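For reference, the chain that follows is the form deposited without the ligand, supplied as structure tokens.
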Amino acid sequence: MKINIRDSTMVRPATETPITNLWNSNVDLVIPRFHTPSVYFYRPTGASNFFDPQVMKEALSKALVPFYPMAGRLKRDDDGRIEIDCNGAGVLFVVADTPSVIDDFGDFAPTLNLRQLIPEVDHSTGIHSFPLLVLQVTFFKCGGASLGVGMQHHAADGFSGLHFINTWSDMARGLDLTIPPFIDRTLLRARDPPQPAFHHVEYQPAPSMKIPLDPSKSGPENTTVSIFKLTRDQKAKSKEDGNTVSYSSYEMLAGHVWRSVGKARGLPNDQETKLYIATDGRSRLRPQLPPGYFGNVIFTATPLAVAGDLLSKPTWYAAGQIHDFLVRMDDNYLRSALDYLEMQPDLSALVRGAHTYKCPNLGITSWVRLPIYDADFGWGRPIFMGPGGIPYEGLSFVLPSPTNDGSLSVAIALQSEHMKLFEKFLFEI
């Protein structure tokens, strides 16, 4: 598609913010190097001032006073550890036009051309040379608009990122700050001395294919991205084969996706397959994190199975493996995990910038509980919000319904031929 940039502004906090160096916990360091992409789409109201850039920039500068680290930069301290240089250098805000219309995105499958709706960042020069947050409003021919978001997660995770975007929109509507950000990640400081109590499977290497796969076709350029609606349901039946154990809706769904992906990939009976589940630690850490905690708190649950078992046993078996790993992740385990991380020489080497989400493994994250449609800047809630292009194969997202309409969507990247079979997705037998 064709993007025409009309304006590009570095937006700074509306008033003076603290000049300071913000420490990063171990969880703020096991972080992808690139900016994480997300996109929102809005229908026109028909009003002339729809997404007025002036209103947007003014409210952005305002939100950047309590969320001031967002306007900072990356630096390393004396020990070489990355920290946030809170210098209020600011946030990139781009305005664009395109002859395309929103309806061209059809089902809003998060294809990679979505990246054109988010500003590009050059990571080639230093870590201190790019804003932590880049933003783009693009006006479509149809009168509609997208908001493109690129955020470097050393600043914070997607949950705190949402807190910021929603606050920004509240302010565009002339409203007040509701939950003030809490800015201090020493709450996740590791114990001294570090004392891990577990062997943490979730930091071990992913299983490889016992029999290596044809690099292409089956690489970057054989990867399709699709989205699928599940229309409720359309947890039951976990009663299959007389199983009495009750599993949650999330457990059953994640197990189903994991299993369906295994089936679609034709995994041999003896092939191990690992599932990586984004798990929010805010509700599990037991001194209990302040509301508005600004930072990363996303841990990962990694249940494993042999495909022979995963694919021949009922879906509740998959849900069971998942549940077993989700249940072990209480404060004691997460504290253990922080201590484990503390002893590793190089935290950046533990980042799954995968590579490892490749057949036979899978990542899944659910945004079902997240306030992803609350960003009303004064012209209505978005008709869609999703990841801004799934980078590579083996990543999946569960998205709540914009209308609810208790429907769910599964957005996922797989190899071309695997994707067709993934239509295994649509039978609970």
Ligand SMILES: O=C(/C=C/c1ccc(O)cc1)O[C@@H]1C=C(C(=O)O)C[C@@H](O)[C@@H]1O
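All residue numbers refer to positions in the sequence shown, first residue = 1.
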Quiz prompt | Interval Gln234-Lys235, deposited residues with no coordinates in the entry (none, 1 to 3, 4 to 9, 10 or more) | solution = 4 to 9
Exercise. Pick between 338 to 346 and 103 to 111: the one whose mean CA B-factor in the entry is higher.
Key: 103 to 111
Practice problem: Select between 303 to 311 and 214 to 222 the stretch whose C-alpha atoms have the higher average B-factor in the entry. | Solution: 214 to 222
Quiz item: When you compare the CA B-factors of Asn296, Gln152, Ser169, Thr356 as listed in the entry, which one comes out on top?
Solution: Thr356
Self-check item: Per the PDB entry, maximal CA B factor within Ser146, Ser160, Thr98, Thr273
Solution: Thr98
Exercise. Tell me, lowest, middle or highest third: where does the Cα B factor of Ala254 rank within its chain?
Key: lowest
Exercise. Select lowest, middle or highest to describe the third in which the CA B-factor of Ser409 falls within its chain in this entry.
Key: middle
Exercise. Name the third of the chain's ranked CA B-factors that contains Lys57, choosing lowest, middle or highest.
Key: middle
Practice problem: For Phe93, return the chain-relative third of its C-alpha B-factor as stated in the PDB record: lowest, middle or highest. | Solution: middle
Practice problem: Would you check the entry's CA temperature factor for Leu267 and let me know if it's in the chain's lowest, middle or highest third? | Solution: highest
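A second form of this protein, the form solved in complex with the ligand, is not displayed here; the remarks below concern that form.
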Exercise. Please determine, with the chain shown alone, which of 350 to 358, 87 to 95, 337 to 345, 107 to 115 has non-hydrogen atoms within 4.5 Å of the ligand in the entry with it bound.
Key: 350 to 358
Self-check item: in the entry with it bound, the residue from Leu188, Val257, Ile165, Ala145 that sits within 4.5 Å of the ligand by heavy atoms
Solution: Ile165
Quiz item: With the ligand left out of view, which of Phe41, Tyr373, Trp379, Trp367 would have a heavy atom within 4.5 Å of it in the entry with it bound?
Solution: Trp367
Quiz item: Candidate spot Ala206, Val261 and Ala413, all three in 4.5 Å heavy atom range of the ligand in the entry with it bound?
Solution: no
Quiz item: For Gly161, is any heavy atom within 4.5 Å of the ligand in the entry with it bound, or not?
Solution: yes
Quiz prompt | Heavy atom of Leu395 within 4.5 Å of the ligand in the entry with it bound | solution = yes
Quiz prompt | Any non-hydrogen atom of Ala318 within 4.5 angstroms of the ligand in the entry with it bound | solution = no
Quiz item: For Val306, is any heavy atom within 4.5 Å of the ligand in the entry with it bound, or not?
Solution: no
Self-check item: Residues within 4.5 Å of the ligand in the entry with it bound, restricted to 269 to 304 and counted by heavy atom
Solution: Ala278, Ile298
